[PDB]
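Student: Experimental coordinates follow, after the sequence.
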Amino acid sequence: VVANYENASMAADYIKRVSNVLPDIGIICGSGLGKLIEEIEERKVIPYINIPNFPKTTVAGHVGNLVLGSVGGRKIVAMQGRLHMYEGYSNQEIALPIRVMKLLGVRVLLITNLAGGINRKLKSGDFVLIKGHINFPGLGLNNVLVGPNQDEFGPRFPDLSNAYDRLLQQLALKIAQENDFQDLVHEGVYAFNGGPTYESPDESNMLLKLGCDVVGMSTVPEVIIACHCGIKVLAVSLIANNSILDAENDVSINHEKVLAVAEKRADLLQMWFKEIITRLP
Amino acid sequence: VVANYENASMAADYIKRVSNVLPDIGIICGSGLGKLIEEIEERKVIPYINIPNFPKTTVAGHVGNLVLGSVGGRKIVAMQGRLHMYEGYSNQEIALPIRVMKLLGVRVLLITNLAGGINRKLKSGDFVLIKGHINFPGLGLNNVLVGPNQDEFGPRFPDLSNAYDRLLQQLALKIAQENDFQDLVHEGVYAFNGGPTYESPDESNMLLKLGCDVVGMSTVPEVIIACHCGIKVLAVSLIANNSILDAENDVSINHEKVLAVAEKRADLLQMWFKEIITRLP
Amino acid sequence: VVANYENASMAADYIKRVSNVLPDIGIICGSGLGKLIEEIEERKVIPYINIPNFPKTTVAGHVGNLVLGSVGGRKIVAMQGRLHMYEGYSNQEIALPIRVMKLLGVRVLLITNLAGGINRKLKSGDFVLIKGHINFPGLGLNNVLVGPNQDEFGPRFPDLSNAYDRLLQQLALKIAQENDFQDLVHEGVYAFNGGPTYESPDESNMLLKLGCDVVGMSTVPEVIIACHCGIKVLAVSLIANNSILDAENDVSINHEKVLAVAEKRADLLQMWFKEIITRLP
Ligand SMILES: Nc1ncc(O)cn1
Ligand SMILES: Nc1ncc(O)cn1
Ligand SMILES: Nc1ncc(O)cn1
């Protein structure tokens, strides 16, 4: 199923009939960082499997719902169970949910993820406001927009120079200062590693040479689809480890360690993004 | 349809029966740089859709013709409407037209493209004679030759050390001097970005670190297929902008700007390559 | 055919019924480096085409056998005719033979390959004990584990920090010293170039900047599948040329030159790995 105008409209039609919510904000939460989705008011949960033309996710398994409702008086839509390209999903499957958000009226997309630290000033538990990216799949002919262009949504050759909105990064830093945890907030460049293997020690050393501050396996595909169709983005990474230090000390990383850091910061991140939603222009 | 010996011979058979032209020179022109194709004498236009085994291009749309005729007394064949891998074409679809050129007797392939400037000595409107490349898709398992080797055309493991003929670069520079625009002519290394997104600001900073002089979304796949089957190549890039300066100044690039630069240089480039064809050994 | 638990068990069942050998060591030999497979005692040769669920290799052609028997008193299994991803094989086809080795009881995998030299201290004919890698396909969304995870074999997000066993590198160096050819033995980082084109001169210059010591077109996919399911690996590269020197001198490389170096070192490498097998803990 192609992520074209007709197929996305069919999905959005079903969603409208069921929810009666017209959102202008969208949110995609990282693994272990989805608690805010349980605080949505007057909410409506829609499993992907019931939405026309939505991708099939049974092979991967686990939760997959679209959740609509109110937060801080604002109308939002959330992806509960996000799609990763290391699972084998195609460009079309990743893009369609984002283009459905567009047809529903979304103008701002907030994203969180877990990532490894490359910059030496980064430690486990820090936050990184993403200001740019290095898209290794894109350079290597696996860009999320490879294929026919869907002209109704955006141009053939999009410019990514302003994909990470400056004002939204400023508003997020301001809230960190009002609550006195700005010491945890950095900015940096995000490198996209297709995955699913964690970056090797020598791959981490390479990324340091190339000016990368963090590395992860998500986010960039959704950012490009949102920028293509004119949606503003804020993306924040939670640092689970510093891969450069681990390589120098012969220390390992694993998913169990990643999720422990997520649990330690989940509540502060929930509080942080709830206020962001409330304060959005 | 595979780009094998049998399928390419079928296409070349049709072309011979229709044109009566046996060319030894081939040309692939960049976007907005195809005016010379309208100056071909005693010409014959063949739309791709009528040639057996030629790839289907209706989804992408726009012009797609093979044009044969005479220029400067030399017999040539031109691709009017070239195939880009960011459209979703397979390795086999990109390769077959080049291997048809081979069976028709082509020994020299001239190529032009539009690209972004990485080297700080490059400005909008300059020309770059390509002397080598960095093939990011090739490193990442999307090389144009991934698949079974077609032994009739070339070896399993080709050497690209002489893919960009030295003498042809010299002849092109000589003509620039005779007409006194050598101040516009550089040489440099071409980085292949799969696309279709323009290189991001931080991707441009990375390419500077790696020794790249220009970046574009084409050319390298055709060069590799031509080098595989023993065809000499000259490739020239037209610089539409300097991506490093744009990143430092927070300036954008877009297709509308690219085509404006193409229009400003199209006539000088036509004059330039017409003489090259006439002067080829 | 997916490289899942059920399909791999079917293949291993056939192999058990035919050989009566239960190996705990596996070996994959590089091109021109397979002579040791002719020295296997009480051996049993099984062509891939007869083993259920094994990948089809007729298009590529050439030898493809699984060989079981005894070496130095140890029980081994060998892949005679290895699969390269530049031929067009899928992730599933590359992985299944390795996961069959696992179900047969393999705990150690020994691998040899031919590669180009990037580090300036490397010359034609040297050996390189691989201690890490840079996986360009993996960064670019062509990792061998892209797809659904086969939970019975390993985790979703494996850590590659210890994929190249330290003790095995030490044992291999020790044997080189006992026979007084340690002057040929280096250690270094292996860059994975998808291929099948040899690295271009400017790609070699890039890899030097990035800290790569050697470059080749194999090994990394098998290493990742073995590390995923808990198999220890030793990997050794034979250097056929120094790509940096060749680029500075405008010298070419080709397969004929590669195989000549392989012939010159094949007997010493056979002797070397026979003792390694005998001395494994
Ligand atoms: N901690 C971590 N490291 C790498 C990565 O891709 C995700 N998370
Ligand atoms: N001006 C420009 N920049 C990048 C590119 O790939 C093409 N053209
Ligand atoms: N000699 C050589 N060089 C490169 C390569 O990929 C294999 N062998």
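Tutor: The structure has been received and is ready for your questions. Residues are numbered from 1 along each chain as shown, chains lettered A, B, ... in the order given. Ligands and ions are numbered 1, 2, ... in the order given.
Student: Taking the stretch 51-200 of chain A, what residue is nearest to ligand 3?
Tutor: Nearest to ligand 3 in the stretch 51-200 of chain A, going by CB to the nearest ligand atom, is residue A:140, at a distance of 17.3 Å. (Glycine included, C-beta is placed from N, CA and C.)
Student: What distance do you get for that residue to residue B:137?
Tutor: 5 Å (CB to CB, to the nearest Å).
Student: quick one, which of these two is more surrounded?
Tutor: For residue A:140 versus residue B:137, neighbours defined as other CB atoms under 10 Å in any protein chain shown are more numerous around residue A:140 (27 against 24).
Student: Surely the more buried one is in contact with residue C:135?
Tutor: No - with contacts counted by CB atoms under 8 Å, residue A:140 stays clear of residue C:135, the gap being 11.7 Å.
Student: ok and the residue in the stretch 51-200 of chain A nearest ligand 1?
Tutor: residue A:116 (3.0 Å).
Student: For the closest residue to that residue other than its chain neighbours, which residues are in contact?
Tutor: Spatially, and ignoring its direct neighbours in sequence, residue A:116 is nearest to residue A:243 (4.4 Å; CB to CB, 6 or more residues apart in numbering or on different chains). Shown in contact with residue A:243 (CB atoms under 8 Å, 6 or more residues apart in numbering or on different chains): A:116, A:117, A:118, A:199, A:201, A:204, A:215, A:253.
Student: Okay, and the last one sits in which element?
Tutor: By that I understand residue A:253. Secondary structure from DSSP states H and E places residue A:253 outside every helix and strand.
Student: Now for it, how many residues are close by?
Tutor: 18.
Student: cool, and the fifth one?
Tutor: The burial count assigned to residue A:201 is 25, neighbours taken as other CB under 10 Å.
Student: Assess the claim that it and residue A:246 are in contact.
Tutor: Yes - the criterion here is CB under 8 Å, and residue A:201 meets it with residue A:246 at 7.4 Å.
Student: Need the residues touching each of those two.
Tutor: residue C:161.
Student: From residue A:236, how far out is residue A:181?
Tutor: 13 Å.
Student: So which of the two has more stuff around it?
Tutor: residue A:236 (24 against 14).
Student: my read is that one is in a helix, agree?
Tutor: No - under DSSP: H, G, I helix; E, B strand; the rest coil, residue A:236 sits outside any helix and is assigned strand.
Student: Would you mind listing the residues in contact with the closest residue to residue A:104 other than its chain neighbours?
Tutor: Nearest non-adjacent residue to residue A:104, counting by CB to CB, 6+ apart: residue A:12, 5.4 Å away. Counting by CB under 8 Å, 6+ apart, residue A:12 touches A:100, A:103, A:104.
Student: By neighbours, which of these wins?
Tutor: When neighbours are taken as other CB under 10 Å, the top entry among those is residue A:100 (26 neighbours).
Student: Can you verify my assumption that it contacts residue A:15?
Tutor: Yes - judged on CB under 8 Å, residue A:100 makes contact with residue A:15 at a distance of 7.1 Å.
Student: which SSE is the residue of the stretch 151-281 of chain A found nearest ligand 2 in?
Tutor: Closest contact between the stretch 151-281 of chain A and ligand 2, by CB to the nearest ligand atom, is at residue A:157 (7.6 Å). Under the criterion of DSSP H and E, residue A:157 resides outside all helices and strands.
Student: likewise residue A:54?
Tutor: Per DSSP H and E, there is no helix or strand for residue A:54.
Student: Report how many residues lie close to the closest residue to it other than its chain neighbours.
Tutor: Closest residue to residue A:54 apart from its sequence neighbours, by CB to CB, 6+ apart: residue A:48 at 4.6 Å. By the measure other CB under 10 Å, the count of residues near residue A:48 is 20.
Student: got a list of what residue A:48 touches?
Tutor: By CB under 8 Å, 6+ apart, the residues touching residue A:48 are A:54, A:55, A:57, A:64, A:65, A:66, A:81.
Student: Next: residue A:127.
Tutor: A:176, A:184, A:185, A:186, A:236, A:237, A:238, A:239, A:265, A:269.
Student: Among those residues, which are located in strands?
Tutor: Counting by DSSP state E, the contacts of residue A:127 place A:185, A:186, A:236, A:237, A:238, A:239 in strands.
Student: ok, so what distance separates the fifth one from residue C:43?
Tutor: Residue A:238 sits 54 Å away from residue C:43 when distances are taken as CB to CB.
Student: Tell me which of the two has more neighbours.
Tutor: Neighbour count, other CB under 10 Å: between residue A:238 and residue C:43, residue A:238 has more, with 28 against 17.
Student: Need the phi and psi values for residue A:137.
Tutor: Note on residue A:137: backbone dihedrals following degrees, to the nearest 10 are phi -60, psi -40.
Student: Can you tell me how far the spatially closest residue to it that is not a sequence neighbour is from residue A:135?
Tutor: Leaving out its chain neighbours, the residue that sits closest to residue A:137 by CB to CB, 6+ apart is residue C:141, at 4.0 Å. The gap separating residue C:141 from residue A:135 is 10 Å, by CB to CB.
Student: again with residue A:246
Tutor: Taking CB to CB, one finds residue A:246 at 24 Å from residue A:135.
Student: the more surrounded of the two?
Tutor: Comparing residue A:246 with residue A:135 by other CB under 10 Å, the one with more neighbours is residue A:135, at 26 against 20.
Student: Wait, that one touches residue A:220, no?
Tutor: Yes - the criterion here is CB under 8 Å, and residue A:135 meets it with residue A:220 at 5.3 Å.
Student: Identify the contacts common to these two.
Tutor: Joint contacts of residue A:135 and residue A:220 (CB under 8 Å, 6+ apart) are residue A:192.
Student: And the closest residue to residue A:72 other than its chain neighbours, how close does it get to ligand 1?
Tutor: Leaving aside its sequence neighbours, residue A:72 sits nearest to residue A:278 (CB to CB, 6+ apart; 3.2 Å). To ligand 1, residue A:278 is 29 Å away according to CB to the nearest ligand atom, to the nearest Å.
Student: Over to residue A:11?
Tutor: 30 Å.
Student: Could you confirm that residue falls within a helix?
Tutor: Yes - under three-state DSSP, residue A:11 falls within a helix.
Student: residues contacting it?
Tutor: A:51, A:52, A:53, A:54, A:96, A:100.
Student: The third one and residue A:6 touch, don't they?
Tutor: No - proximity of residue A:53 to residue A:6 does not meet the contact threshold set by CB under 8 Å, at 9.1 Å.
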